[PDB]
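Take a look at the following structure, please.
Order of writing sets the labels: A, B, C, D, E and F. Residues in every chain begin at 1.
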Amino acid sequence: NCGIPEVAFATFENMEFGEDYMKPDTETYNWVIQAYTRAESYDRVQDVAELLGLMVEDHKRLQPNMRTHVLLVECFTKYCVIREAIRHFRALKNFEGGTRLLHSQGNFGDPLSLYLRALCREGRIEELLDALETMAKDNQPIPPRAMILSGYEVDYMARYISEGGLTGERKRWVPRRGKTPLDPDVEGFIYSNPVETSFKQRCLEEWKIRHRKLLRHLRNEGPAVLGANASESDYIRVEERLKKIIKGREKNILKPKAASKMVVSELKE
Amino acid sequence: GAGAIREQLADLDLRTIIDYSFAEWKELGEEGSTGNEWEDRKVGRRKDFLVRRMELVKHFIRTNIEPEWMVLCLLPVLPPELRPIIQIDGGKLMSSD
Amino acid sequence: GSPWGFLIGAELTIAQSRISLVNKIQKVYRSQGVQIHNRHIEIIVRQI
Amino acid sequence: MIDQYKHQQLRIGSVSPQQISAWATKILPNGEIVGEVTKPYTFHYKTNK
Amino acid sequence: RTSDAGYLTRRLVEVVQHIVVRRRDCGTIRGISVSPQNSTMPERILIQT
Amino acid sequence: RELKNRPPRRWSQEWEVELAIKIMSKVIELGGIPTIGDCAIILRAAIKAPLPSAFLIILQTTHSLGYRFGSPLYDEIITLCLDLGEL
């Protein structure tokens, strides 16, 4: 908690390459991870990748705890490495502290607001429900800061008494096009130094984009073995028609394949 | 003149530039091509252009430096003593270019 | 797989490049009667 | 064995015009600034002043 | 032939100038292994290695 | 580990339509009210499937308006109006 990241890293390097007793602990990695994820300037996501890699390699003595997943969820969500977050979130899921510690107080940019908001604006909605079930277990409610969005008059005349454009001269209602290296939107509240990406009305994205996994196997030769059939053109033709949207052809389950089996055979085959 | 260039530097939003260049990179990456040598080498230069564009824009976003400063308006002048005019006897002067 | 595979490939390529470069450098000096320990060669080769 | 930490730094970047103005402009008690260097008067044709 | 040798010395040092022995054992277990009984290296290049 | 190959589903709007009453449960288990972005979004999320649920119940707290008129229920052969009777 000093702002400058490379004042704690110098301490960490004094322990990683140190003697037997002064070797880094699981608490030590939490502090250095925390010191890098809340820097005031410059890109800092690559240095977090190193620390995770070093922690991964030294694993028979070091095991992750609740705060390690909490900080990794926060760090991977501020910059748009959402995938990398969802993964980690899961781990947190099986901790009795829940997202209350991940939320912490409203300070530090309210990381729980980031995870909820950033999941919605990208396309990941099924896991957003999974997140909401996890808060309902022990956590206090969804943060009000996490709930902010842009027949009846959408230009209400009723809200404008309760945000500043009212009898009170402090017109706190949002203006637009203010220039400067600031944010004219809200993108949460102010945080998440990148820009928010637009999920199209909770419509087409990440369902047609997920389908690329199905198309990945058919467009790839080595990952698919299949059988003999018509040499190596049976499954290829399925990819050819699947690229151009959908035109019937519900014949059968021609692919019926697995994804690399996570196997590492030494010699061959 | 340089006024329009500087104003344009002071106009475009960096985050929108990042989003648009990411979209262009995604569009370029989803094209097979590999049929013509001109087409073989055309995609690579544009992709490198996009990558250095987002690199520069992201560096600009999280720094204390504004783009408008590359089009300067006020010129500093080096101190006099470090560019002196040598006083020689008889009135000879060895000035600085 | 892809994550394992290129870790393996890059590590192999770096190893082979180091082994080739050390011998290639040292041959020129050994063909002219010049004796230098391999430490000085390897320090530069690692940075290469 | 805690090593002798020594954190030094050296930044570099383009300057804002306000930075140059603060660098050079010197305001006299009378209120004048006169940091513009209007004329290209290198040295007097008279005494070398 | 003495100018080119002088130029190479400038570039050789430039690559490695920050390389300083900063610590004792860094905790590595990967070690380059050599085979002296391959009868490939003479017992003057093998010894000096 | 199993997630690496399972096909979750195709497009199907049955639980996302039920999300409005689901988030209502998941938020009013504690201090929070689904409104503005979860009430003025209901009028655009109401017409998804021929199921009145999660739409006629939005008026329990305040709304009682929908999109200004309530013509649904009286616009779906499916099964006849299953005794809406908002009263």
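Rule of thumb we're sticking to: a contact is a pair of C-beta atoms (placed from the backbone, for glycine too) under 8 Å apart; a residue touches a chain by one contact, two chains touch by 3 or more.
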Q. Which pair wins on C-beta contacts, A-B or A-D?
A. A-B
Q | Intercentroid distance (Cα basis), chain C paired with chain A, Å | A | 40
Q. How many angstrom lie between the CA centroids of chain B and chain D, rounded to a whole number?
A. 25
Q: Can you check how far apart chain A and chain E are, centre to centre, with Cα atoms defining each centre and the answer in Å?
A: 45
Q.
I need the residues of chain A touching at least two other chains; which ones are they?
A. 262
Q | Per-residue overlap in chain B, given as positions that touch at least 2 other chains | A | 63-64, 66
Q. If you go through all the chains, which pairs of them touch?
A. A-B, A-C, A-D, A-E, A-F, B-D, C-E
Q.
Under the stated contact criterion, what part of chain C meets chain E in this complex?
A. 30, 35, 37-38, 43-44, 47-48
Q) Where on chain A is chain F touching in the complex? A) 125-126, 129, 132-133, 135-136, 139-142, 144, 147-149, 151-152, 154, 202, 207, 210, 214, 258-259, 262
Q | List of chain D residues in touch with chain B within their complex | A | 13-17, 20-21, 23-24, 37, 42-43, 48
Q: Could you pull out which chain A residues touch chain C in their complex?
A: 260, 262-264
Q: Spell out the residues on chain A that touch chain E in their complex, using ranges where they run on.
A: 17
